[PDB]
Amino acid sequence: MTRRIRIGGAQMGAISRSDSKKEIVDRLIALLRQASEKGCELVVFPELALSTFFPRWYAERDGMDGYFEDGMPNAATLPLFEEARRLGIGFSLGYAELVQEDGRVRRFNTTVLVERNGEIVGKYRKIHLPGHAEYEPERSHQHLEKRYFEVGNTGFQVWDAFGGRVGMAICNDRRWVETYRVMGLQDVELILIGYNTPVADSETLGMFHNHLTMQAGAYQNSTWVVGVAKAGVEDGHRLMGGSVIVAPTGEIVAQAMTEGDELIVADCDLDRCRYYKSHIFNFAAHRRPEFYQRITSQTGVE
Amino acid sequence: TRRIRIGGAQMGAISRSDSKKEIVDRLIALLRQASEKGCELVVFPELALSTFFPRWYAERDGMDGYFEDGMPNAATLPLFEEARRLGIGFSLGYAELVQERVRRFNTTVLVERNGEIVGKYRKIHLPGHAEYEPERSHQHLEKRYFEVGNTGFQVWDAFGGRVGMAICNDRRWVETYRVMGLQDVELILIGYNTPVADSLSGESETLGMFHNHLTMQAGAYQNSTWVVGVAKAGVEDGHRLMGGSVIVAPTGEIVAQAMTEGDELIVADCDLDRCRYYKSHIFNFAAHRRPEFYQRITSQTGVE
């Protein structure tokens, strides 16, 4: 390996409504410390890793602000940032962002990327909000992400970090090909994706579709993909596991074995992204955007 | 209601010394196997009327002997007539020579069960290189003998549903499936010729079959469409072509797969209405897509 970075996928178990924030942060620090002991330079945390998956509960549009983060970091999450800064490990962390922008209060489903020196690299805000906005009793479970979050205003950004090109996406972003391709057009080499995927109380098909989208996005953009889950049963609601680290070949090189707090580790050579980028997936030599206009013109079918 | 029995007519190797009649006879034999199996649509490989000549270096017009002047012509008319007599439609890949000067395309034609042509697709993503490169174990000069197609990824009303076509290397690009998925495609027909050996090193690519199926299964699932991938396989004059022809359900599941590298027919009953189920439940384009963040896909060609 010529540009190797040891990545830890920090899958989390269930977070309940009755769990305090300190109990949640301590679980993150414990996963952070295990990655340190095994030599990881980057640990990937799930989507909304600082609270239970509250979009499953119905309340006022402002009634979930208790699960949001007033600042990043704040008094509750500072012990995680300082422990990571002491050990020299960067991390990506999903959380519910409460922010004051252009006059009003704004809410985003957000992931922050932090460098080994403790400096915040960048911030991705979720673009594809799934579920619904109003109460729908016809559903077996509510998924009210469109009620508590706004569409992010960052776009699929790619930063110079960890010696390469690092991008971020959140949850159901990973089943849209535009997610990987937009960052692939920014020469991305590592895509970090935390997720919370609800699952019925057979089940291989859901896991098959989960890995299929990430393995294809990795290969077809010749980039590493890290998908870190928040799994388990949260107050009767089951969340999908199967956290993986995917090579730019589409191969799974690390996979979670449990549905609780679990670290997966892989040595990831960023230079392995280079081969397909010069030949089979040489974008500048092969792509013909004059035939792709429907992708950026319309939303539905015609 | 909208069930269509599809036959995947994987072909064996075609040598430089094979005559066009011998090739047409093999296509007709596969066409008759599908008739006896009850197939209503048969998918043929890419460039199914000649050896895979992009591996050989000649002049830019030196491969015209492998091209088709008219579709059909005198040599290919027996295939169209047998298909029309059997009441079977088909998609056929060939090298197209057309006057507009002379233009050369990598093309697939779709023919309906009554023998009437519904449309043509011309290959958009041309792989390889345009000049001879001696450091390669084998050449792949598609950029030299073909120009970029001028049809786009069309989707037609045919065979009781929405049918689109792509060719070979197209199946590795997500834009191929998504452009047709945004046209409510339900069945994508893809013929391909994929060398087993890497062009630069000559070593066998161990993930070749994995990448072959991964891209088509992902395209099928992420666009809720059936995908049919049909290979020309075998050893063509010492050059091994990949097999693994497959019919894929809109779930991304493989429902039929070829087992050999020769002439082989795979058959599967494909209910196009399954696409409606997976388009309304999951993957609702009108409800989730945010094109204001996808502009790089059409605003630039390569990486920034």
# chains A, B, ... in the order shown; residues from 1 in each chain; ligands from 1
call {"tool": "closest_atom_pairs", "arguments": {"of": "chain A", "to": "chain B", "cutoff": "6 Å", "atoms": "only C-alpha atoms", "output": "Markdown table"}}
result
| residue | atom | partner | partner_atom | distance |
| --- | --- | --- | --- | --- |
| A:155 | CA | B:293 | CA | 6.0 |
| A:185 | CA | B:303 | CA | 4.4 |
| A:186 | CA | B:303 | CA | 5.4 |
| A:187 | CA | B:303 | CA | 5.7 |
| A:283 | CA | B:302 | CA | 4.3 |
| A:284 | CA | B:302 | CA | 3.6 |
| A:286 | CA | B:125 | CA | 5.8 |
| A:287 | CA | B:301 | CA | 5.7 |
| A:289 | CA | B:298 | CA | 4.8 |
| A:291 | CA | B:152 | CA | 5.7 |
| A:296 | CA | B:291 | CA | 4.9 |
| A:299 | CA | B:286 | CA | 5.2 |
| A:300 | CA | B:286 | CA | 4.0 |
| A:301 | CA | B:182 | CA | 4.7 |
| A:302 | CA | B:183 | CA | 5.1 |
call {"tool": "write_last_selection", "arguments": {"atoms": "N, CA and C atoms", "output": "short mmCIF file (atom, residue, chain, number, x, y, z; two decimals), in the first residue's frame"}}
result
data_model
loop_
_atom_site.label_atom_id
_atom_site.label_comp_id
_atom_site.auth_asym_id
_atom_site.auth_seq_id
_atom_site.Cartn_x
_atom_site.Cartn_y
_atom_site.Cartn_z
N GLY A 155 -24.93 20.63 -0.49
CA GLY A 155 -24.61 19.80 -1.63
C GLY A 155 -23.66 18.68 -1.25
N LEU A 185 -17.41 12.98 -9.62
CA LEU A 185 -16.97 14.05 -10.50
C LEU A 185 -16.10 15.08 -9.78
N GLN A 186 -15.96 14.96 -8.46
CA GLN A 186 -15.00 15.74 -7.69
C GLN A 186 -13.81 14.90 -7.27
N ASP A 187 -13.57 13.77 -7.96
CA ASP A 187 -12.40 12.92 -7.75
C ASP A 187 -12.38 12.33 -6.34
N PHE A 283 -13.50 9.47 -16.65
CA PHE A 283 -14.68 10.29 -16.92
C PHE A 283 -14.46 11.20 -18.12
N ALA A 284 -13.31 11.88 -18.16
CA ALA A 284 -13.06 12.85 -19.22
C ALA A 284 -13.00 12.20 -20.60
N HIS A 286 -14.64 9.23 -21.53
CA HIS A 286 -15.77 8.37 -21.87
C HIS A 286 -17.13 9.03 -21.72
N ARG A 287 -17.31 9.90 -20.73
CA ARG A 287 -18.64 10.42 -20.44
C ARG A 287 -19.11 11.37 -21.54
N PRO A 289 -22.01 14.00 -21.53
CA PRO A 289 -23.10 14.66 -20.79
C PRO A 289 -24.23 15.17 -21.68
N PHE A 291 -26.05 13.53 -23.44
CA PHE A 291 -27.11 12.53 -23.39
C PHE A 291 -27.64 12.29 -21.99
N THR A 296 -30.67 15.96 -14.89
CA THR A 296 -30.65 17.27 -14.25
C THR A 296 -31.81 18.17 -14.68
N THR A 299 -37.57 15.75 -12.58
CA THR A 299 -37.60 15.01 -11.33
C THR A 299 -38.31 13.67 -11.45
N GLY A 300 -39.45 13.64 -12.12
CA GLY A 300 -40.23 12.44 -12.33
C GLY A 300 -39.97 11.80 -13.68
N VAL A 301 -40.98 11.09 -14.18
CA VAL A 301 -40.86 10.34 -15.42
C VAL A 301 -41.62 11.06 -16.52
N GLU A 302 -41.17 10.85 -17.76
CA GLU A 302 -41.82 11.44 -18.93
C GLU A 302 -41.88 10.44 -20.08
#
call {"tool": "select_by_dssp", "arguments": {"residues": "region 31-82 of chain A", "states": "strand (DSSP E or B)", "output": "VMD selection string"}}
result
chain A and resid 42 to 44 69
call {"tool": "write_last_selection", "arguments": {"atoms": "N, CA, C and O atoms", "output": "mmCIF file, in the first residue's frame"}}
result
data_model
loop_
_atom_site.group_PDB
_atom_site.id
_atom_site.type_symbol
_atom_site.label_atom_id
_atom_site.label_comp_id
_atom_site.auth_asym_id
_atom_site.auth_seq_id
_atom_site.Cartn_x
_atom_site.Cartn_y
_atom_site.Cartn_z
ATOM 1 N N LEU A 42 -9.127 7.260 11.373
ATOM 2 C CA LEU A 42 -10.437 7.821 11.076
ATOM 3 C C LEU A 42 -11.498 6.828 11.515
ATOM 4 O O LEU A 42 -11.410 5.643 11.188
ATOM 5 N N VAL A 43 -12.488 7.311 12.257
ATOM 6 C CA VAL A 43 -13.608 6.503 12.733
ATOM 7 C C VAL A 43 -14.888 7.119 12.194
ATOM 8 O O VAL A 43 -15.083 8.334 12.299
ATOM 9 N N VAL A 44 -15.755 6.291 11.620
ATOM 10 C CA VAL A 44 -16.993 6.751 11.002
ATOM 11 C C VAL A 44 -18.153 6.365 11.909
ATOM 12 O O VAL A 44 -18.340 5.182 12.221
ATOM 13 N N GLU A 69 -28.657 19.452 18.305
ATOM 14 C CA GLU A 69 -27.434 20.006 18.874
ATOM 15 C C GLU A 69 -27.422 21.509 18.631
ATOM 16 O O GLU A 69 -27.457 21.953 17.478
#
call {"tool": "atom_distance", "arguments": {"atom1": "CA of residue 44 (chain B)", "atom2": "CA of residue 164 (chain B)"}}
result
14.2 Å
call {"tool": "select_by_dssp", "arguments": {"residues": "region 169-293 of chain A", "states": "alpha helix (DSSP H)", "output": "NGL selection string"}}
result
:A and (177-184 or 203-220 or 274-278 or 283-286 or 293)
call {"tool": "residues_around", "arguments": {"residues": "residue 213 (chain B)", "least_positions_apart": "5", "cutoff": "9 Å", "atoms": "only C-alpha atoms", "output": "MDAnalysis selection string"}}
result
chainID B and resid 208 218 229 244:246 254
call {"tool": "atom_distance", "arguments": {"atom1": "CA of residue 86 (chain B)", "atom2": "CA of residue 35 (chain B)"}}
result
6.7 Å
call {"tool": "closest_residue", "arguments": {"among": "A:87, A:172, A:1, A:65", "to": "residue 105 (chain A)", "atoms": "only C-alpha atoms"}}
result
A:65
call {"tool": "closest_residue", "arguments": {"among": "A:269, A:70, A:37, A:234", "to": "residue 189 (chain A)", "atoms": "only C-alpha atoms"}}
result
A:269
call {"tool": "atom_distance", "arguments": {"atom1": "CA of residue 141 (chain B)", "atom2": "CA of residue 271 (chain A)"}}
result
27.4 Å
call {"tool": "residues_around", "arguments": {"residues": "residue 12 (chain B)", "least_positions_apart": "3", "cutoff": "8 Å", "atoms": "only C-alpha atoms", "output": "tab-separated table (two decimals) with N, CA and C atoms, in the first residue's frame"}}
result
chain	number	residue	atom	x	y	z
B	232	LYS	N	-21.65	-12.38	-26.17
B	232	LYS	CA	-20.94	-13.27	-27.08
B	232	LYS	C	-19.67	-13.70	-26.36
B	233	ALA	N	-19.53	-14.99	-26.11
B	233	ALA	CA	-18.48	-15.51	-25.25
B	233	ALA	C	-17.61	-16.49	-26.03
B	234	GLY	N	-16.58	-17.00	-25.36
B	234	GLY	CA	-15.70	-17.98	-25.96
B	234	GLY	C	-14.38	-17.39	-26.41
B	261	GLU	N	-19.83	-20.90	-22.21
B	261	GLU	CA	-19.28	-19.81	-23.02
B	261	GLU	C	-19.53	-20.05	-24.51
B	262	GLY	N	-20.56	-20.83	-24.84
B	262	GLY	CA	-20.93	-21.05	-26.23
B	262	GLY	C	-22.34	-20.58	-26.52
B	263	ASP	N	-22.89	-20.99	-27.67
B	263	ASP	CA	-24.28	-20.71	-27.98
B	263	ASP	C	-25.18	-21.31	-26.91
B	264	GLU	N	-25.96	-20.47	-26.24
B	264	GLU	CA	-26.76	-20.92	-25.11
B	264	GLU	C	-27.95	-20.00	-24.94
call {"tool": "residues_around", "arguments": {"residues": "residue 146 (chain B)", "least_positions_apart": "4", "cutoff": "8 Å", "atoms": "only C-alpha atoms", "output": "short mmCIF file (atom, residue, chain, number, x, y, z; two decimals) with N, CA, C and O atoms, in the first residue's frame"}}
result
data_model
loop_
_atom_site.label_atom_id
_atom_site.label_comp_id
_atom_site.auth_asym_id
_atom_site.auth_seq_id
_atom_site.Cartn_x
_atom_site.Cartn_y
_atom_site.Cartn_z
N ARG B 104 -20.01 5.46 -38.97
CA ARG B 104 -19.91 4.10 -38.45
C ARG B 104 -20.36 4.08 -37.00
O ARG B 104 -19.83 4.83 -36.18
N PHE B 105 -21.33 3.22 -36.70
CA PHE B 105 -21.90 3.15 -35.36
C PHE B 105 -21.89 1.72 -34.85
O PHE B 105 -21.95 0.76 -35.63
N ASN B 106 -21.80 1.58 -33.53
CA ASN B 106 -22.08 0.33 -32.84
C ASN B 106 -23.55 0.38 -32.44
O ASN B 106 -23.95 1.21 -31.62
N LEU B 126 -18.06 4.67 -25.79
CA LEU B 126 -17.11 3.85 -26.53
C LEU B 126 -15.86 3.63 -25.68
O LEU B 126 -15.18 4.61 -25.34
N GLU B 142 -12.31 0.52 -30.17
CA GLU B 142 -13.68 0.93 -30.48
C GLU B 142 -13.75 2.41 -30.80
O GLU B 142 -14.52 2.83 -31.68
#
call {"tool": "residues_around", "arguments": {"residues": "residue 180 (chain A)", "least_positions_apart": "6", "cutoff": "9 Å", "atoms": "only C-alpha atoms", "output": "mmCIF file with N, CA, C and O atoms, in the first residue's frame"}}
result
data_model
loop_
_atom_site.group_PDB
_atom_site.id
_atom_site.type_symbol
_atom_site.label_atom_id
_atom_site.label_comp_id
_atom_site.auth_asym_id
_atom_site.auth_seq_id
_atom_site.Cartn_x
_atom_site.Cartn_y
_atom_site.Cartn_z
ATOM 1 N N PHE A 156 -23.391 17.813 -2.227
ATOM 2 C CA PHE A 156 -22.443 16.716 -2.033
ATOM 3 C C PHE A 156 -21.037 17.275 -2.204
ATOM 4 O O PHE A 156 -20.495 17.342 -3.308
ATOM 5 N N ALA A 169 -22.138 11.413 2.760
ATOM 6 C CA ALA A 169 -23.553 11.293 2.445
ATOM 7 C C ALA A 169 -24.246 10.685 3.656
ATOM 8 O O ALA A 169 -23.597 10.178 4.575
ATOM 9 N N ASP A 173 -29.412 8.597 1.032
ATOM 10 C CA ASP A 173 -28.616 9.116 -0.076
ATOM 11 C C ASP A 173 -27.921 7.989 -0.826
ATOM 12 O O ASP A 173 -27.693 8.095 -2.036
ATOM 13 N N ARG A 174 -27.589 6.901 -0.126
ATOM 14 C CA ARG A 174 -26.746 5.854 -0.685
ATOM 15 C C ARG A 174 -27.460 4.988 -1.715
ATOM 16 O O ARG A 174 -26.791 4.208 -2.401
ATOM 17 N N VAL A 188 -13.567 11.994 -5.820
ATOM 18 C CA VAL A 188 -13.657 11.466 -4.464
ATOM 19 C C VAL A 188 -12.956 10.114 -4.385
ATOM 20 O O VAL A 188 -12.950 9.324 -5.340
ATOM 21 N N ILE A 191 -15.994 7.883 0.599
ATOM 22 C CA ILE A 191 -17.331 8.386 0.894
ATOM 23 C C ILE A 191 -17.778 7.790 2.222
ATOM 24 O O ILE A 191 -17.831 6.563 2.373
ATOM 25 N N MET A 214 -24.193 0.367 -2.260
ATOM 26 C CA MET A 214 -22.894 0.885 -1.844
ATOM 27 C C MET A 214 -21.753 0.227 -2.611
ATOM 28 O O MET A 214 -20.773 0.895 -2.962
ATOM 29 N N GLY A 217 -21.952 1.864 -6.105
ATOM 30 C CA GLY A 217 -21.457 3.227 -6.038
ATOM 31 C C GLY A 217 -19.954 3.295 -5.860
ATOM 32 O O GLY A 217 -19.300 4.186 -6.409
ATOM 33 N N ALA A 218 -19.385 2.350 -5.108
ATOM 34 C CA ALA A 218 -17.940 2.321 -4.910
ATOM 35 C C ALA A 218 -17.214 1.947 -6.196
ATOM 36 O O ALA A 218 -16.262 2.623 -6.602
ATOM 37 N N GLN A 220 -18.402 1.811 -9.457
ATOM 38 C CA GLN A 220 -18.696 2.659 -10.607
ATOM 39 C C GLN A 220 -18.162 4.078 -10.457
ATOM 40 O O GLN A 220 -18.233 4.852 -11.418
ATOM 41 N N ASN A 221 -17.633 4.439 -9.289
ATOM 42 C CA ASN A 221 -16.916 5.697 -9.119
ATOM 43 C C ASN A 221 -15.487 5.476 -8.642
ATOM 44 O O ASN A 221 -14.785 6.454 -8.354
ATOM 45 N N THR A 223 -14.128 4.463 -5.852
ATOM 46 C CA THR A 223 -13.926 5.132 -4.578
ATOM 47 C C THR A 223 -14.232 4.171 -3.440
ATOM 48 O O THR A 223 -15.018 3.233 -3.592
#
call {"tool": "residues_around", "arguments": {"residues": "residue 107 (chain A)", "least_positions_apart": "3", "cutoff": "6 Å", "atoms": "only C-alpha atoms", "output": "PDB file with C-alpha atoms, in the first residue's frame"}}
result
ATOM      1  CA  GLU A  97     -28.300  20.333  13.629  1.00  0.00           C
ATOM      2  CA  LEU A  98     -30.092  23.365  15.071  1.00  0.00           C
ATOM      3  CA  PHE A 149     -35.621  18.507   8.929  1.00  0.00           C
ATOM      4  CA  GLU A 150     -35.134  20.833   5.980  1.00  0.00           C
TER       5      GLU A 150
END
